[PDB]
There are 4 protein chains.
Amino acid sequence: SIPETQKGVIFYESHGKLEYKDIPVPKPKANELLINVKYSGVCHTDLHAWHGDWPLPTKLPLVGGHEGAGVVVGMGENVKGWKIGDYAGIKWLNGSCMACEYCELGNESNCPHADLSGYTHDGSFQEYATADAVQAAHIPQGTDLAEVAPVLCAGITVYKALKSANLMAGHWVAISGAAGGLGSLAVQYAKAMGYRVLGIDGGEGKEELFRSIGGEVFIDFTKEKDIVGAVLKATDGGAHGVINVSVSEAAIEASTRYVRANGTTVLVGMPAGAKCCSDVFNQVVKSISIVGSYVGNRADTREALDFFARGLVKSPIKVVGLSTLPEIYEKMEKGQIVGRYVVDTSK
Amino acid sequence: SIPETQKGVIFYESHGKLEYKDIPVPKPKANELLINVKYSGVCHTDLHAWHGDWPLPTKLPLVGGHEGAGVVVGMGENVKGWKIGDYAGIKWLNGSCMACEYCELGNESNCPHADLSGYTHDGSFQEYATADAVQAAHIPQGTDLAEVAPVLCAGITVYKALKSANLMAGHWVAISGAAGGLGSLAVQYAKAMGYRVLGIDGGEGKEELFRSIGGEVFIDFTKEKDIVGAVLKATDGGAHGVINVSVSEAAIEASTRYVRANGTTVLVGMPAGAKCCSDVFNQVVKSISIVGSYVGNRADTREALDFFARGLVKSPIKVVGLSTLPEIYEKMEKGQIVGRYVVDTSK
Amino acid sequence: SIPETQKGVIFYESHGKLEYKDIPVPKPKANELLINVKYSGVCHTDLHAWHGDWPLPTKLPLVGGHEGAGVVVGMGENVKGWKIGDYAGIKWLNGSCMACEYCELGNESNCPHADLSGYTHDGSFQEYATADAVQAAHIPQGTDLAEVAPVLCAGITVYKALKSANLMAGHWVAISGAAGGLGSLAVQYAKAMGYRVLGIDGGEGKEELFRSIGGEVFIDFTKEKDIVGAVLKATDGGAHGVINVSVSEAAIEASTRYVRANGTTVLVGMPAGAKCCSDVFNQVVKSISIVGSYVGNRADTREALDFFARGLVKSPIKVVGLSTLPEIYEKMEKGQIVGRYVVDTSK
Amino acid sequence: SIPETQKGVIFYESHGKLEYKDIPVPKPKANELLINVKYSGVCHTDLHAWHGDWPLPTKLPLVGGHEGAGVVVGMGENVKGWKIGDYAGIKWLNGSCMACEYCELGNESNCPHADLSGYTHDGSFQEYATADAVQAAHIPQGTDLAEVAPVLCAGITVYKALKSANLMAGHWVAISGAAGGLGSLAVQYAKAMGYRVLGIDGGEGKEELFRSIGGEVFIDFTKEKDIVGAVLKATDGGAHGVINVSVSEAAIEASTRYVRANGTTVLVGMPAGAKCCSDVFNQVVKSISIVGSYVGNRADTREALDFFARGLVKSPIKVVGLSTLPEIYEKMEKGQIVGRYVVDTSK
Ligand SMILES: NC(=O)c1ccc[n+]([C@@H]2O[C@H](COP(=O)([O-])OP(=O)(O)OC[C@H]3O[C@@H](n4cnc5c(N)ncnc54)[C@H](O)[C@@H]3O)[C@@H](O)[C@H]2O)c1
Ligand SMILES: NC(=O)c1ccc[n+]([C@@H]2O[C@H](COP(=O)([O-])OP(=O)(O)OC[C@H]3O[C@@H](n4cnc5c(N)ncnc54)[C@H](O)[C@@H]3O)[C@@H](O)[C@H]2O)c1
Ligand SMILES: NC(=O)c1ccc[n+]([C@@H]2O[C@H](COP(=O)([O-])OP(=O)(O)OC[C@H]3O[C@@H](n4cnc5c(N)ncnc54)[C@H](O)[C@@H]3O)[C@@H](O)[C@H]2O)c1
Ligand SMILES: NC(=O)c1ccc[n+]([C@@H]2O[C@H](COP(=O)([O-])OP(=O)(O)OC[C@H]3O[C@@H](n4cnc5c(N)ncnc54)[C@H](O)[C@@H]3O)[C@@H](O)[C@H]2O)c1
Ligand SMILES: [Zn+2]
Ligand SMILES: [Zn+2]
Ligand SMILES: [Zn+2]
Ligand SMILES: [Zn+2]
Ligand SMILES: [Zn+2]
Ligand SMILES: [Zn+2]
Ligand SMILES: [Zn+2]
Ligand SMILES: [Zn+2]
């Protein structure tokens, strides 16, 4: 059944030309498993991977995409817990070494041999892609794969962020950039986890979408000038935890000021070489923690997909065929991502 | 017995002239209690208070000192748990409002009405000083008050820092500035708490004193150039938690790079208007937390004084009379603090 | 304005006769504050206090009630943070010594000098009652005092329990006794905190009320025989955290078996001298934690009253006059508490 | 080099006769790896496995032993992170499914498909034994394998226990049964982690050995009658965390009474069908947590072996040949284990 060739967009030279062609099927190593990828999201990480600008060297030739979702067609002889026909998800972190120290502690994303899907491994921009049998996401049966694709890297990231913010149910969380592709999932996850969301975003239709997905207070970062004072006024003391999913370094810097004392400031957005210069005196006096957060581990994956299965979170996807993926990249690096451009592999 | 006047160094105008004179005894408010201060430490915080440069306005006239230790002579009618003749310690945070939200959570140092001793309240540079009956430190009987004076603001600070670093016994902690007045207490507390200390300091005799108080690995920040690589080599991956007690902003910036992934970087030293510009990408990818830490709360006070009572920590004090306190300040802002200039009130 | 006498139900001899009479006003000690109690709840704790059967000796003569809510008429000279006319709540733990070790750590309810309201202090069954200025609850203005009365000991208890269960949003919590006076508030707080509630109760109308206040799965402990298997079937592995608000020791014992491995079993209900004999082998192998939980501290008080202010939790109170309080006790020790018999002080 | 047969003690029928004979070499599955076991400890768990009395059915025929340590001779094709000639340790939990929910969270010991070494898998009582490449312990090179054998199940267990006790450096920990084979390692680990050890044991030479390995206070459970009062007197309020490594159910019951309020009581010893009947009222009022603790996970393994590598913990082993293993079992079920009967495989 597995066709000896599949369709996919691959590129050989970094920042080169996305060639939609046919490629042999990756065979599943004894530990890996093959996935007939049905849909796949796209995010800034795929741009950075195709650029090659990030410090780690991208394994070329490379088929991109780290937010893939599909059905298992063939597993490795060593695999257990998986069955054929199951719904699996190729996350960003493809496979870790399961033998260092971070792999053991749970933070698998920092393994010095972290095989990154779509960066150092065949990504999720093909009809069939291989992925580690342990790190793959157990997408529950019957789920709408196209709808769940963005949750696999975006939703998991914001969920691990919120868990890293050290918030208690009823506290104030400020999603700096709540209308964005990450911000909307962050707001939904925060409202589901019991926090009180305070979005900070601006532009056209942003506040409307934010009210739609459910948010207590909205702060337009274009109309309101003193954002810090506005947040301190709304939350009455500062947000108990901020999530910097925005891309403006200025917004990150301003985030370390409207966070309540003893609060937390999760850094998630990774703008182009920015610095989080917080006033060391103001940070010490108020004991403000500025935590970073990479893609979540397996437990976070399971819990985020659980939150999705209960219909709590929703992603306004825009299904698009795979053949036009180069045009998708072109509009992406120009900033045309409106909701979330989930790609379709069959098309 | 309480003399209607006591000796003390007071100053009326910020950055003015330290007048050693006689002052009426502060009467203990129903909640406060009076303390015949026997000894008192000095630290950069007292310099900043006498300057007035810090944002909060210093209550003038002001008798300085926030690291005082003495014997209770008279308590307020409302006070309970205290007895006359007990050994009490005037910490930095004199009295909080015990009715807001941070006071309740335990982080009393952030109360918007935090009465700061020696900054907004009569400090510990007098024969007799009043202090809150709740925040005062319960110095155990028989303790050498002169020896315990530095533990009251320095030791408590580094202990709350180490507790904030989220380390487990056996991890690697890098005390950036281990030979300093804060660094030595930090190293002793870390070794007592089970961590593996890695000091980062330099100068004359620093490494010798560091080996004396007990430290695994020392890194001279003047001879060694690539500090980051050196720490990564010694700790084999990065220190599980860094404590930035140094005053060089450059050292703080370099600290966010030799901290192990998923580690922590407690900011304690408050240099003159510095910025902790950490590479947001490197901080996110490795999930490095940069936590701040102010003076510890009451529980930290009790635990740190307990560590001192078991003879685990030691402070190389230099007892000096109170009369020469202006000269002490003069040599201090010139940088003549060698070990820790603990002052004597009687002298 | 303060009348030199007020109405109240007092009793002199333990398990004696509840005399509704007039009593002089308690004067507020410099640390305490007076409260014109407007309403007050009742719970099994008041029965146990009136019996005197509990080990601690009840201060006689004693006016009962530990769930009082009223308006501040006069505060002590030492009090700060409070204003006249504010809405305050007399919780169970009236005043702690704020000088021992548990008081410092936050667990004030275990202070060896814990002044227990209605047990060792003048309770909340009078028109005017005094209460500690620190431990009193800051009931927000405009709140319906009669509605908030049960939240002051019941709601706070179940909230501290759920926080002690160590659950993450999306986990399974089994409120053993969900329909009871404590169980309903527990279910509401759990649903608000993001958990997935699984009630275990039975009787008449219980499941209907449980569906009303919002609960995923209900297990009738009278119709269903194998409760353990039923819970394991519903939660698919065991509830991530159980809350034993029931009074049947058998139910507590059965609770240590349907809790998921690595889960938790908060003990809250205090039946008449029961034992939690859990199979030590089964508890070890599955690493099941059986945590206890007394009344919450000040932070829990603030957070629970916050959850109430957002209209998330609701208590089906039954306002009853104070004059009939003896009949209330009589019907109580016979088991006639239907919803929650909140008493009215004016009536 | 791998001999087609090796020596080993195997038994076919539960509670049967230990036959020392020759057995074919287990071949390493693609995920497993073979280990030329050099030494191996023995503990009550091996008795229970040979009995078959434990609920899980023991895979027969079965070679016992779960505390093995040896050198890797041949790894599976899929294995990464391991090299030939490395020092590996066969712990109790041989291999988990790494695909359920507990495996993901880190608590691998509760996987419903937890392959238990020496219970459901070929144990460590043979010259060569296979073990999972992930769960195997990375014994550092040059370590004295005979000395490290007991640390592989005993030391890891007590370390995970102490970590589960939720203690802070400087607190009081009561090792109920400090002189025993588990108690001695517990005391050493506690002293290394910074806690203040208070042993509770009795018999001949017990207190002497306890003073030897380093313990603050010792309580003879045979001479002293009121153990609870004695511990409350020594620790001044109750031990902040108790570790019930003893086998007397009476001692476990007595443990839930001398634990300080808000403390913890780790259950580790698994006596023959015992019950931890704690007074539910006393447990609630003091909020005493009774946590269980099975064998630690991989992170605990690494940290415990690290504590061993720094020479902090030591096990008084008694090297004995493998041929006499049946006599070892016979003396064991009669209670002749004096220190720790580490077996030698070559002999
Ligand atoms: N850490 C991870 O694992 C991970 C994974 C995926 C994406 N990311 C990061 O997510 C970001 C992209 O998120 P997205 O898809 O929502 O991007 P987007 O560009 O689609 O949306 C960004 C949002 O930021 C808002 N914004 C812009 N300037 C702002 C300001 N000054 N203050 C507040 N909000 C402001 C915009 O209005 C918009 O709502 C990138 O930084 C990317 O690297 C991180
Ligand atoms: N947060 C608080 O509650 C609190 C309280 C008291 C003091 N402090 C802070 O403590 C600091 C003073 O500490 P101290 O008394 O030890 O000061 P100190 O000047 O006596 O010693 C500072 C130490 O830093 C070392 N150092 C200098 N440059 C360094 C570099 N580049 N890298 C590493 N180490 C370097 C020095 O050699 C010395 O050992 C100040 O920042 C002060 O504000 C904070
Ligand atoms: N720890 C504290 O701070 C604190 C404070 C207040 C009350 N409490 C405890 O709360 C309890 C009273 O709660 P309440 O007011 O809801 O009591 P209640 O008697 O009004 O209700 C008890 C509930 O338990 C249910 N139940 C009975 N048998 C059961 C069984 N076998 N399994 C499951 N559920 C069963 C009943 O149907 C009912 O829903 C008492 O134990 C009291 O001491 C504790
Ligand atoms: N949970 C796990 O992963 C795990 C692993 C291995 C062993 N264990 C358990 O460890 C226990 C064996 O430990 P050991 O090897 O030290 O056993 P042992 O029999 O060699 O020593 C037991 C100790 O308990 C002491 N003791 C006896 N009665 C006591 C009492 N009333 N109060 C206090 N102390 C008392 C004895 O004097 C002795 O010091 C068994 O329960 C076993 O199942 C658990
Ligand atoms: Zn790894
Ligand atoms: Zn993504
Ligand atoms: Zn306050
Ligand atoms: Zn100081
Ligand atoms: Zn107290
Ligand atoms: Zn109550
Ligand atoms: Zn599993
Ligand atoms: Zn063992």
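Every residue, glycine as well, gets a Cβ built from its backbone with ideal geometry; the counts of neighbours run over all protein chains shown. Readers should treat all values here as calculations from the given coordinates under stated rules, not as data from a laboratory.
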With N residues in segment D:153-294, Rg(alpha-carbon) / (2.2 N^0.38 Å) equals 0.92
For the protein assembly as shown, what log10 I(q)/I(0) values come out of the Debye formula at q = 0.04, 0.08 1/Å, with one point per alpha carbon and no solvent? -0.25, -1.07
Pull up the cross-link candidates among the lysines for B:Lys275, meaning alpha carbon to alpha carbon under 20 Å and not fewer than 8 places away within one chain. A:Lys275, A:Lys286
Please order A:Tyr39, C:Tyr341 by the number of other Cβ within 10 Å, starting at the fewest. C:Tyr341, A:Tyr39
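Which of the chymotrypsin sites (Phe, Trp or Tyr not before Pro) found in segment B:71-134 are in a DSSP loop and have at most 11 neighbouring Cβ atoms, other than their own, within 10 Å? Working shown, then result.
Values: sites: B:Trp82, B:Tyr87, B:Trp92, B:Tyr102, B:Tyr119, B:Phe125, B:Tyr128; in loops: B:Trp82, B:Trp92, B:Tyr119, B:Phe125.
Of the chymotrypsin sites (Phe, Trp or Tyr not before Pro), not one in the loops of segment B:71-134 has a Cβ with at most 11 other Cβ atoms within 10 Å.
Shape call for chain C from the C-alpha gyration tensor, a ≥ b ≥ c root eigenvalues: rounded (a/c under 1.5), prolate (a/b greater than b/c) or oblate?
Numbers: a/c = 1.83, a/b = 1.70, b/c = 1.08.
Judged from the Cα gyration tensor, chain C comes out prolate (a/c at least 1.5, a/b above b/c).
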Taking the Cα centre of each part, how many Å lie between segment A:58-74 and segment C:288-306? 47 Å
Which listed pairs, of C:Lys38/C:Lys163; B:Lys80/C:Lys27; D:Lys27/D:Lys91; B:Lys29/B:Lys314, have C-alpha distances above 24 Å, in listed order: C:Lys38/C:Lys163; B:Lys29/B:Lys314
Tell me which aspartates and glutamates have Cα within less than 17 Å of D:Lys233's Cα, excluding those fewer than 8 residues away on the same chain? C:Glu101, D:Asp201, D:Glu216, D:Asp220, D:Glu224
What's the local net charge at C:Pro28, with K and R +1, D and E -1, over the other residues with C-beta under 13 Å away? -2
Separation between Cα centres of segment B:20-36 and segment A:87-108, rounded to whole Å: 62 Å
Per residue of segment D:174-188, what does 6.51 cos²θ - 1.76 cosθ + 1.60 with θ = phi - 60° give for ³J(HN,Hα)? Whole Hz please, x for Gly and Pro, Karplus curve as stated. 10, 8, 5, x, 5, 7, x, x, 7, x, 5, 4, 4, 5, 5
How many Cβ atoms of partner chains, on average, are near each residue of D:136-149 if near means within 10 Å of its Cβ? 0
Estimated 222 nm signal from helices in chain B, with DSSP H stretches of n ≥ 4 weighted -39500 (n - 2.57), rounded to 500: -7000 deg cm²/dmol
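If you keep only loop residues by DSSP, which trypsin sites (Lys or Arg not before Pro) in segment C:224-268 have at most 15 other Cβ atoms within 10 Å of their Cβ?
Numbers: sites: C:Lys225, C:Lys233, C:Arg257, C:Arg260; in loops: C:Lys225, C:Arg257.
Within segment C:224-268, the qualifying trypsin sites (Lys or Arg not before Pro) (loop, at most 15 other Cβ atoms within 10 Å) are C:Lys225.
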DSSP loop (so not H, G, I, E, B), at most 15 other Cβ within 10 Å: list which GluC sites (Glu not before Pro) in segment C:1-85 pass both filters. C:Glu4, C:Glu13, C:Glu77
Note, ³J(HN,Hα) from phi for segment A:256-271, Karplus 6.51, -1.76, 1.60, rounded to Hz, x at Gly and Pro: 6, 10, 9, 8, 4, 3, 6, x, 8, 9, 6, 9, 10, x, 10, x
If amide H atoms are modeled at 1.01 Å from N in the peptide plane, then the residues at a separation of 5 or more from A:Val242, or on another chain, having amide H under 5 Å from its own are A:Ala174, A:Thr264, A:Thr265, A:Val266
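Would you mind ranking C:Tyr329, D:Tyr195 so that the residue whose beta carbon has the fewest other beta carbons within 10 Å leads the list?
Numbers: C:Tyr329 19, D:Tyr195 26.
In increasing order of surrounding Cβ atoms, one gets C:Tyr329, D:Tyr195.
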For A:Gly65, what residues show an amide H to amide H distance below 5 Å, using hydrogens built from the backbone and excluding near sequence neighbours? A:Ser124
